[PDB]
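Participant: Below you'll find start_22.cif; it's mmCIF, C-alpha atoms and all ligand atoms.
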data_coords
loop_
_atom_site.group_PDB
_atom_site.id
_atom_site.type_symbol
_atom_site.label_atom_id
_atom_site.label_comp_id
_atom_site.auth_asym_id
_atom_site.auth_seq_id
_atom_site.Cartn_x
_atom_site.Cartn_y
_atom_site.Cartn_z
ATOM 1 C CA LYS A 1 -7.752 -8.336 -9.284
ATOM 2 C CA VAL A 2 -4.353 -7.706 -10.834
ATOM 3 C CA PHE A 3 -4.120 -4.126 -12.177
ATOM 4 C CA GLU A 4 -2.116 -3.214 -15.259
ATOM 5 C CA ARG A 5 0.499 -0.512 -14.479
ATOM 6 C CA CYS A 6 -1.060 2.526 -16.163
ATOM 7 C CA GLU A 7 -4.588 1.486 -15.175
ATOM 8 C CA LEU A 8 -3.518 1.629 -11.536
ATOM 9 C CA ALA A 9 -1.642 4.899 -12.037
ATOM 10 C CA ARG A 10 -4.755 6.597 -13.381
ATOM 11 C CA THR A 11 -6.894 5.131 -10.584
ATOM 12 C CA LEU A 12 -4.529 6.349 -7.853
ATOM 13 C CA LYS A 13 -4.486 9.877 -9.281
ATOM 14 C CA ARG A 14 -8.304 9.979 -9.281
ATOM 15 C CA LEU A 15 -8.305 8.871 -5.639
ATOM 16 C CA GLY A 16 -6.047 11.840 -4.771
ATOM 17 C CA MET A 17 -2.752 10.063 -4.034
ATOM 18 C CA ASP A 18 -0.459 12.261 -6.097
ATOM 19 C CA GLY A 19 1.537 14.302 -3.594
ATOM 20 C CA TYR A 20 -0.506 13.101 -0.610
ATOM 21 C CA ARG A 21 1.482 14.094 2.488
ATOM 22 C CA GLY A 22 4.363 14.835 0.098
ATOM 23 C CA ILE A 23 4.380 11.412 -1.558
ATOM 24 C CA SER A 24 4.439 11.472 -5.372
ATOM 25 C CA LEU A 25 2.291 9.121 -7.442
ATOM 26 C CA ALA A 26 5.415 7.290 -8.742
ATOM 27 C CA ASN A 27 6.372 6.393 -5.160
ATOM 28 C CA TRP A 28 2.935 4.882 -4.499
ATOM 29 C CA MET A 29 3.276 2.869 -7.713
ATOM 30 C CA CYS A 30 6.760 1.650 -6.714
ATOM 31 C CA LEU A 31 5.312 0.604 -3.331
ATOM 32 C CA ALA A 32 2.278 -1.278 -4.801
ATOM 33 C CA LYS A 33 4.572 -3.001 -7.313
ATOM 34 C CA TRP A 34 6.994 -4.357 -4.729
ATOM 35 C CA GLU A 35 4.383 -5.136 -2.090
ATOM 36 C CA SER A 36 1.808 -7.080 -4.128
ATOM 37 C CA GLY A 37 2.619 -6.943 -7.844
ATOM 38 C CA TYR A 38 -0.498 -4.759 -8.169
ATOM 39 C CA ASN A 39 -2.634 -7.612 -6.792
ATOM 40 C CA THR A 40 -5.601 -6.666 -4.583
ATOM 41 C CA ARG A 41 -6.072 -10.220 -3.256
ATOM 42 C CA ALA A 42 -2.549 -10.823 -2.004
ATOM 43 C CA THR A 43 -2.122 -11.798 1.665
ATOM 44 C CA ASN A 44 1.066 -12.600 3.545
ATOM 45 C CA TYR A 45 1.091 -14.354 6.920
ATOM 46 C CA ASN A 46 3.945 -13.384 9.202
ATOM 47 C CA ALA A 47 4.460 -16.510 11.278
ATOM 48 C CA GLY A 48 7.013 -14.621 13.387
ATOM 49 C CA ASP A 49 4.518 -12.322 15.101
ATOM 50 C CA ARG A 50 1.162 -13.766 13.970
ATOM 51 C CA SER A 51 0.064 -10.752 11.927
ATOM 52 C CA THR A 52 -1.057 -10.751 8.269
ATOM 53 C CA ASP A 53 -0.416 -8.232 5.453
ATOM 54 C CA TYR A 54 -3.486 -7.505 3.314
ATOM 55 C CA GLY A 55 -4.012 -6.328 -0.226
ATOM 56 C CA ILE A 56 -2.386 -4.180 -2.828
ATOM 57 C CA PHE A 57 -0.383 -2.137 -0.273
ATOM 58 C CA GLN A 58 0.134 -5.120 2.056
ATOM 59 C CA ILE A 59 -1.291 -3.319 5.095
ATOM 60 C CA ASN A 60 -0.572 -5.024 8.435
ATOM 61 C CA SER A 61 -3.279 -6.262 10.814
ATOM 62 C CA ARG A 62 -1.360 -5.386 13.974
ATOM 63 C CA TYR A 63 -2.169 -1.680 13.652
ATOM 64 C CA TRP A 64 -4.317 -0.826 10.635
ATOM 65 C CA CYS A 65 -7.191 -3.269 10.181
ATOM 66 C CA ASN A 66 -8.945 -5.851 12.320
ATOM 67 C CA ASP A 67 -8.920 -9.554 11.515
ATOM 68 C CA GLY A 68 -9.659 -10.804 15.039
ATOM 69 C CA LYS A 69 -6.766 -13.295 15.199
ATOM 70 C CA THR A 70 -3.816 -10.890 15.616
ATOM 71 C CA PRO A 71 -2.660 -10.618 19.285
ATOM 72 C CA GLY A 72 -2.626 -7.175 20.872
ATOM 73 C CA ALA A 73 -3.608 -5.500 17.627
ATOM 74 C CA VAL A 74 -5.318 -2.197 16.904
ATOM 75 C CA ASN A 75 -7.434 -1.073 13.969
ATOM 76 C CA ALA A 76 -6.463 2.523 13.151
ATOM 77 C CA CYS A 77 -8.209 2.491 9.758
ATOM 78 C CA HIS A 78 -11.376 1.210 11.415
ATOM 79 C CA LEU A 79 -11.756 -1.483 8.773
ATOM 80 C CA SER A 80 -12.171 -5.221 8.679
ATOM 81 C CA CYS A 81 -9.047 -6.545 6.936
ATOM 82 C CA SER A 82 -11.531 -8.100 4.491
ATOM 83 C CA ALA A 83 -12.132 -4.582 3.079
ATOM 84 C CA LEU A 84 -8.524 -4.569 1.890
ATOM 85 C CA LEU A 85 -9.074 -7.575 -0.387
ATOM 86 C CA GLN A 86 -11.751 -6.052 -2.622
ATOM 87 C CA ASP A 87 -11.302 -5.323 -6.328
ATOM 88 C CA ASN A 88 -12.385 -1.743 -5.585
ATOM 89 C CA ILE A 89 -9.350 -0.167 -3.898
ATOM 90 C CA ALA A 90 -11.117 2.874 -2.380
ATOM 91 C CA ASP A 91 -10.912 1.551 1.184
ATOM 92 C CA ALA A 92 -7.307 0.358 0.778
ATOM 93 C CA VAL A 93 -6.385 3.860 -0.416
ATOM 94 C CA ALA A 94 -8.154 5.620 2.463
ATOM 95 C CA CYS A 95 -6.247 3.331 4.859
ATOM 96 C CA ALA A 96 -2.880 3.893 3.118
ATOM 97 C CA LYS A 97 -3.513 7.648 3.543
ATOM 98 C CA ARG A 98 -4.040 6.991 7.259
ATOM 99 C CA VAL A 99 -0.760 5.078 7.479
ATOM 100 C CA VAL A 100 1.297 7.958 6.027
ATOM 101 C CA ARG A 101 -0.292 10.466 8.383
ATOM 102 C CA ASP A 102 1.981 8.991 11.102
ATOM 103 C CA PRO A 103 5.553 10.344 11.571
ATOM 104 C CA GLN A 104 7.348 7.700 9.460
ATOM 105 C CA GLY A 105 5.269 8.625 6.420
ATOM 106 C CA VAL A 106 5.970 6.343 3.476
ATOM 107 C CA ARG A 107 8.914 4.827 5.412
ATOM 108 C CA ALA A 108 6.323 2.736 7.295
ATOM 109 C CA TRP A 109 6.807 0.091 4.582
ATOM 110 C CA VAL A 110 10.260 -1.469 4.690
ATOM 111 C CA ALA A 111 9.961 -2.525 1.041
ATOM 112 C CA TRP A 112 9.784 1.149 0.035
ATOM 113 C CA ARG A 113 13.198 1.747 1.661
ATOM 114 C CA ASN A 114 14.766 -1.260 -0.056
ATOM 115 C CA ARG A 115 13.472 -0.737 -3.605
ATOM 116 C CA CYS A 116 12.092 2.789 -4.020
ATOM 117 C CA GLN A 117 13.928 5.231 -1.782
ATOM 118 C CA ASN A 118 16.579 7.283 -3.606
ATOM 119 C CA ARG A 119 15.999 5.450 -6.876
ATOM 120 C CA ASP A 120 14.665 6.613 -10.236
ATOM 121 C CA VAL A 121 10.962 5.790 -9.810
ATOM 122 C CA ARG A 122 9.759 7.770 -12.861
ATOM 123 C CA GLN A 123 9.593 4.492 -14.783
ATOM 124 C CA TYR A 124 6.493 3.327 -12.887
ATOM 125 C CA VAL A 125 4.331 6.161 -14.265
ATOM 126 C CA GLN A 126 5.952 6.670 -17.659
ATOM 127 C CA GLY A 127 3.519 6.769 -20.543
ATOM 128 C CA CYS A 128 0.381 6.493 -18.399
ATOM 129 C CA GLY A 129 -0.871 10.024 -19.046
ATOM 130 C CA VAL A 130 -1.030 11.164 -15.419
HETATM 131 NA NA NA B 1 -5.698 -5.183 13.932
#
Translate the structure described by the file into structure tokens.
Ligand code: NA
Facilitator:
Amino acid sequence: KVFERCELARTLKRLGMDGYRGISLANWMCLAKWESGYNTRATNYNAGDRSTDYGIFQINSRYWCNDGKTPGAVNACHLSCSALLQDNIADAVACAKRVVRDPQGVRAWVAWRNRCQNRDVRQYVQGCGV
């Protein structure tokens, strides 16, 4: 499903993402925006290394979820990548929390560095009542 901005903002706060491992809600919104356009069904095949990015946070199959076709991959979130394509984002959120528990933190996603880091991200949560 494609979330509306504020709808997603409120959902993420209820799922405990605000300030998770030091990452503000506005940063998570900036990330979801640039990764999928707030679309839970988005997938991106990376022909270069044969891995696929899944869902709203575009989580990669090489380390986080299992899709069976990615060479030498692990499944740290202990989830089928299918779980990351549901309309209910609970599993995607639990996995995203797992990703940021690693040393890189939110820097794990290159898109965050390009379009969110050191920018004014307040705009993503403005007027949503969170
Ligand atoms: Na995997």
Participant: Which centre and edge lengths in Å to one decimal define the box along x, y and z that fits every listed atom of range 36-40 of chain A plus 6 Å per side, as JSON?
Facilitator:
{"center_x": -1.5, "center_y": -6.2, "center_z": -6.1, "size_x": 20.2, "size_y": 14.9, "size_z": 16.0}
Participant: Kindly give the distance, in Å, that separates CA of residue 90 in chain A and CA of residue 115 in chain A, rounded to a single decimal.
Facilitator: 24.9 Å
Participant: Which residue, A:18, A:35, A:53, A:102, has the smallest gap to residue 82 in chain A when you use only C-alpha atoms?
Facilitator: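 Of all the options, A:53 lies closest to residue 82 in chain A.
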Participant: Report the distance between CA of residue 64 in chain A and CA of residue 76 in chain A in Å, rounded to one decimal place.
Facilitator: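 Taking CA of residue 64 in chain A as the start and CA of residue 76 in chain A as the end point, the length is 4.7 Å.
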Participant: Please tell me which residues are no farther than 12 Å from (-0.5, 8.8, -21.4) in the file, counting all atoms listed in the file, and write them as a count of residues only.
Facilitator: 11
Participant: Could you report the residues within 6 Å of ligand NA 1 (chain B), using only C-alpha atoms and all ligand atoms, as an NGL selection string?
Facilitator: :A and (61-67 or 73-75)
Participant: Quick one: everything within 12 Å of residue 89 in chain A, counting all atoms listed in the file, minus sequence neighbours fewer than 2 positions away in the same chain. Send it as a PyMOL selection string.
Facilitator: chain A and resi 1-3+8+11-12+14-15+32+38-41+54-57+82-87+91-96
Participant: Compare A:79, A:47, A:23, A:29 by their minimum atom-to-atom distance to residue 107 in chain A, counting all atoms listed in the file, and give me the closest one.
Facilitator: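 Of the candidates, the smallest distance to residue 107 in chain A is held by A:23.
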Participant: May I ask which of the residues A:59, A:121, A:26, A:116 is the closest one to residue 100 in chain A, counting all atoms listed in the file?
Facilitator: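 Ranking A:59, A:121, A:26, A:116 by distance to residue 100 in chain A, first place goes to A:59.
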Participant: Starting from the shown file, work through the PyMOL selection byres (((chain A and resi 71) around 9) and not hetatm) and note down what comes out as a list in words.
Facilitator: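 Those residues are residues 49, 50, 51, 62, 68, 69, 70, 72 and 73 of chain A.
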Participant: Choose the residue, out of A:124, A:103, A:109, A:117, that has the smallest atom-to-atom separation from residue 4 in chain A; count all atoms listed in the file.
Facilitator: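 Using all atoms listed in the file, the shortest distance to residue 4 in chain A belongs to A:124.
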Participant: Dig up all the protein and nucleic acid residues within 8 Å of (9.2, -7.2, 0.8) in the file frame, using only C-alpha atoms, and format them as a PyMOL selection string.
Facilitator: chain A and resi 34-35+110-111
